[PDB]
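Heads up, the chain below is alone and in the form deposited in one PDB entry; it's given as structure tokens.
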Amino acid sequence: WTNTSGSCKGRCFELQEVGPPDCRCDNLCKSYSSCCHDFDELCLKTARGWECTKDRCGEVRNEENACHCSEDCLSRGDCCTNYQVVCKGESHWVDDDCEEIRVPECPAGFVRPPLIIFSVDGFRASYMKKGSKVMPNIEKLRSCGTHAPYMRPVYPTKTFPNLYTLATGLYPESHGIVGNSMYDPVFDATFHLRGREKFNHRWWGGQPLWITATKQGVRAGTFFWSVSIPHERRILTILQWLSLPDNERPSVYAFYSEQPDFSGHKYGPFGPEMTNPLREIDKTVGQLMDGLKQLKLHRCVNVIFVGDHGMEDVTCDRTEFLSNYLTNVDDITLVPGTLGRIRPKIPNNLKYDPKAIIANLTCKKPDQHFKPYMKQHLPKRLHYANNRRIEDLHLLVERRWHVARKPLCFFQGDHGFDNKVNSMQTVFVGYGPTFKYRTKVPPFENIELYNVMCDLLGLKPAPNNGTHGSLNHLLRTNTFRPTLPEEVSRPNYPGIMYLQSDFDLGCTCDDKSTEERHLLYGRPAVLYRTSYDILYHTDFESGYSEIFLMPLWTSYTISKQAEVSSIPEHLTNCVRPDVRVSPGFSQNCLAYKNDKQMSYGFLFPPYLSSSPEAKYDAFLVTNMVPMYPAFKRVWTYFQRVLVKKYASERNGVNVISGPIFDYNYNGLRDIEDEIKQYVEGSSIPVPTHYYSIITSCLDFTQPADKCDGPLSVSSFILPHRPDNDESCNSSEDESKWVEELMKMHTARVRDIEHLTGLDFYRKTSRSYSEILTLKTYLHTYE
């Protein structure tokens, strides 16, 4: 029980924690119905609006007014933000020429630059092109500070998952806020954007910035604002807090606007009606900047202007209904819209038939505007599976569409789609002494920002999914010096030790400076305990695992001119034992011969052999991996057609390929115990995915093997599945569907590192920070 009889006199937006029975006056009291009886009266004044006018200048102080224009207002820290312009002949900040801020220019008593996070909801990256004609304050921040052309949100691209990802550096599957709405089967409770359940702390995992700050003795302003508090009051509050005594002043502040999201939903992102909302946000940024200038802080504070996601054209006319595919939709609950998550209406309903549901949802219309996935089958780049609140059955919805349960307008915009979709991209600008001046940086992911905000505040980040150092290039100072991870397992280098006669594997082969060329960036470091051999070959090198009975990685270079050679008919089934590696640490062809479902393939493709001679190396048992025929359709097309196409287009390519084991879909290398499938009658483990990392010279005029500067990389993590049900056109020639599949399963090198325990690019001519940026790159194909 809270005693509302108390008073917020001299307590408005106090920062001290106050629990029952005492009543509160903080920004969040209204949400807890714990405000004192005079909160709204004392703390939420509106009298005379938010702007000084000439007739108010040097007024006598009336405490009833929203903000003040009296002579004392400055030292009391509560002038209207435009007070000096109107009353003292100063200029608005926006009208001042930009000037490099080489070091913080902070008043007496400031030990470090404060950080202000200005978050805007549904701010599509492309809105920035509207420029100073619509958003002059924001355009000044953008042009004079550090900006990216866009920032990638996390999936699903909705507000709660993204704001909490911004605060924690975590994927939703890790922080727990996996949607704006979710059901937790253990709590047997439901979380909604609106309603009180979300206030319960059990939902929120990881360690958000305000807690990290507090635990390290850095004070934080509020990172929540009650919907009922006007933006102007939020801004005045921040400025008032910045005017507090040195021993009370917070170091980090957050402002949030629910625009332009609201207007985007109503009108769509290209509506002329979007101009007004964007002007209003800009006016708010100007209030803040004018306010800071009034306080002599405008060259002291670091400002981050950042969105949570974008906005797409989505109308009533573009809605798929499950009732068109399924007989009884009244027995399922659907989290609907720009994504789908399906569970039985009655929790744990035993008659729930997921395999039958998925079958009825797979490739049933030619123009079908969604695709069902069991969550372990979603592209690994989404990192959307390892949480009990994520339903097994997911629908990935096509951009511009909605999915609804049944048929049983006022909206022209929505968001939530796949986070590589252009319309979902959002904004990032950093401005202030710690950011660079007039600098553009490539797009990056929002999971990276937590580390950077920690850097900006002198904090040590809690464990998270950013790659610390990958954004060092945004900063003038306060960069993080990353350290190379230490290798855990050194390789063996086996020479010949056996005779062809030593081998009884069931394999038949009818007819009978490698590094320099093939490990352009050094051998990958193995970061776990295991046993593996380096193997050299004319055309490729590999780290062959004696535990998993196949390479952890296979590395090879293909020059622009390389010749694609066929596999001779007599070599079709050719598999040759490898006299460097024990029969006991080898696969055997008998397992394949007998497994009626599983075939095999090669990591180094015989099609790219450097001579009919060398091609015999490609058929070694130590180059072979278990592949379903369905997967082989993809992999052969890749090996035979695509690698050469890339070599041709990029002036040669360096390729590293290998298996991934992630049976528990946690995005991390499986230990032996977690692997759940083996080739029939054997102990050959079956990968859940195969990866390829394709590197070349950023300057395409230089060949990959003779690159002097920055690198270019694209990579994939392809699902190893027994059918091609994912690809609706797979009945056609591979040229009609394989690349489309591959694009959906594009990945970062960093993703592959998590999934393999390998560390790549350890020997290059670039800085470690640059390499970290390279490893976080995602080739989107948009």
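The term rigid core refers to the most C-alpha atoms you can superpose between the two forms while keeping them within 1.5 Å. Residue indices: 1-based, along the sequence shown.
Enquirer: With neighbours modelled on both sides, does residue 579 go without coordinates in a third or more of the other PDB entries compared?
Expert: Residue 579: modelled in every other compared entry.
Enquirer: Does residue 441 have no coordinates in at least a third of the other PDB entries examined?
Expert: It is not, since residue 441 is included in all of the other entries that model both flanking stretches.
Enquirer: What is the count, as a class, of unmodelled deposited residues between residue 408 and residue 409: none, 1 to 3, 4 to 9, or 10 or more?
Expert: Count of unmodelled residues in between: 4 to 9.
Enquirer: Between residues given as residue 512 and residue 513, how many of the deposited sequence are not built: none, 1 to 3, 4 to 9, or 10 or more?
Expert: Gap between residue 512 and residue 513: 10 or more unmodelled residues.
Enquirer: Output the stretch having the higher mean C-alpha B factor in the entry; the candidates are 713 to 721 and 62 to 70.
Expert: Mean B over CA atoms: larger for 62 to 70.
Enquirer: Using the B-factors recorded in the PDB entry, average over the C-alpha atoms of 461 to 469 and of 322 to 330, then report which stretch comes out higher.
Expert: On average, C-alpha B-factors are higher across 322 to 330.
Enquirer: So among 637, 678, 553, 592, who wins on Cα B-factor in the entry?
Expert: If I rank 637, 678, 553, 592 by C-alpha B-factor, first place goes to 592.
Enquirer: Among 211, 574, 335, 456, where is the Cα B factor highest in this entry?
Expert: Largest recorded C-alpha B-factor: 574.
Enquirer: Quick check on the deposited entry: does the C-alpha B-factor of residue 313 sit in the lowest, middle or highest third of its chain?
Expert: It falls in the bottom third of the chain.
Enquirer: By the record's CA B-factor, is residue 580 among the lowest, middle or highest third of residues in the chain?
Expert: Its C-alpha B-factor belongs to the highest third of this chain's values.
Enquirer: Thinking about Cα B factors across the chain, which third does residue 697 belong to?
Expert: For residue 697, whose C-alpha B-factor we compare with every modelled residue in the chain, the answer is the middle third.
Enquirer: Determine, from the deposited record, the chain-internal third of the Cα B-factor for residue 440: lowest, middle or highest.
Expert: Its C-alpha B-factor, which the entry lists for residue 440, ranks in the middle third among residues of this chain.
Enquirer: Split into thirds by Cα B-factor across the chain's modelled residues, where does residue 730 land: lowest, middle or highest?
Expert: Its C-alpha B-factor belongs to the middle third of this chain's values.
We do not show the form deposited in another entry, though everything after this point is about it.
Enquirer: Kindly specify the one residue in 348, 500, 327, 216 whose Cα moves by 2 Å or more between the shown form and the other one, with superposition done on the rigid core.
Expert: After core superposition, the one over threshold is 348.
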